[PDB]
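With the UniProt record's numbering applied, the sequence shown corresponds to residues 2 to 78, in that order.
Note that beta-carbon positions come from the ideal geometry of N, C-alpha and C, so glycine has one too.
Report on the following structure.
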Amino acid sequence: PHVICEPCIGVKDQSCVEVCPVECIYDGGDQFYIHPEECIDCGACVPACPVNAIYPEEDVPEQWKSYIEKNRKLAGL
Ligand code: SF4
Ligand code: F3S
């Protein structure tokens, strides 16, 4: 799955929402999040975010690893 990290907070641009083929990006309050069980890993959302907040799970920066679980918790997992 792909993960929305720190940069989204305080921005919530939402350009990512319009390019996701499965509509699995949801409002999580302080940031949007990607539902892990729905995401098909097509990667379309990556170039769409103006603040580079989205990363494939395997490539999430070491400093932002906590966002993997955050997206999971927001998804209710
Ligand atoms: S990787 Fe594809 S399916 Fe997953 S959130 Fe991004 S646009 Fe949607
Ligand atoms: S700011 Fe957040 S709402 Fe989408 S376009 Fe970037 S991950």
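Problem - Cβ neighbours of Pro-57 in the same chain (closer than 6 Å, five flanking residues each side left out) - result: Position 56 of the sequence shown, counted from the first residue, corresponds to residue 57. Around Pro-57: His-3.
Handout entry: Inside the UniProt domain "4Fe-4S ferredoxin-type 2" (31-60) only - beta strand (DSSP E) runs reaching at least 3 residues
Key = The DSSP assignment places complete beta strand (DSSP E) segments of no fewer than 3 residues inside the UniProt domain "4Fe-4S ferredoxin-type 2" (31-60) at 33-35, 55-57, in order along the chain.
Problem - The alpha helix (DSSP H) enclosing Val-20, as first and last residue numbers - result: Here residue 20 refers to the residue found at position 19 when the sequence shown is read from its first residue. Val-20 -> alpha helix (DSSP H) spans 16-20.
Practice task
Go ahead and pull the three-state DSSP assignment for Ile-69.
Solution key: As a position in the sequence shown, residue 69 is number 68, starting the count at 1. Helix at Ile-69.
Exercise for the section: Return yes when at least one heavy atom of the ligand SF4 lies under 6 Å from the C-beta of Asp-31, else no. Expected result: Stepping through the sequence shown from its first residue, residue 31 is reached at position 30. Outside the cutoff, so no.
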